[PDB]
């Protein structure tokens, strides 16, 4: 027996992955992520899922590619992405993970759906 543990967080930099900072990626950090980060429902998503504190031994048994806004935040500040599509995929992974692991109607799903609808509003104005 023992205490269940959290896996290491996802990487926020990589010397082998090409770096870039386009105006869309700037917009994703200073507008899109900025709006979601300050939302009232943002707190469960600003850091990797803490399965230990949440007493969720099955979470990382189900989710093998976790994602959070704190990882996304560091990736944007580090110019981790080459384009906006790569960053948008990290957002969708975060949402999809929450929708697969939790039931429709759950509080965490209601909060994730609210953040996603706001996310879709901002990326609809992604600049040229």
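Positions refer to the first chain, counted from 1. Basically, rigid core = biggest C-alpha set you can superpose within 1.5 Å across the two forms.
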- Query: Rigid core superposed, root mean square over structures and residues, which stretch has C-alphas farther from this form in 8 other deposited structures of this protein, 92 to 100 or 52 to 60?
  - Reply: 52 to 60
- Would you mind working out which of 22 to 30 and 65 to 73 sits farther from this form in 8 other deposited structures of this protein by RMS C-alpha distance, with the rigid core as the fit? 22 to 30
- Query: Would 92 to 100 or 25 to 33 have the larger average of its C-alpha temperature factors, as given in the entry?
  - Reply: 25 to 33
- Query: With respect to C-alpha B-factor, does residue 72 fall in the lowest, middle or highest third of the chain as deposited?
  - Reply: lowest
- Message: Ranking the modelled residues of this chain by C-alpha B-factor as given in the entry, is residue 56 in the lowest, middle or highest third?
- Response: highest
- Query: Sorting the chain's CA B-factors, does residue 2 end up in the lowest, middle or highest third?
  - Reply: highest
- Should residue 79 be placed in the lowest, middle or highest third of its chain by the C-alpha B factor in the entry? highest
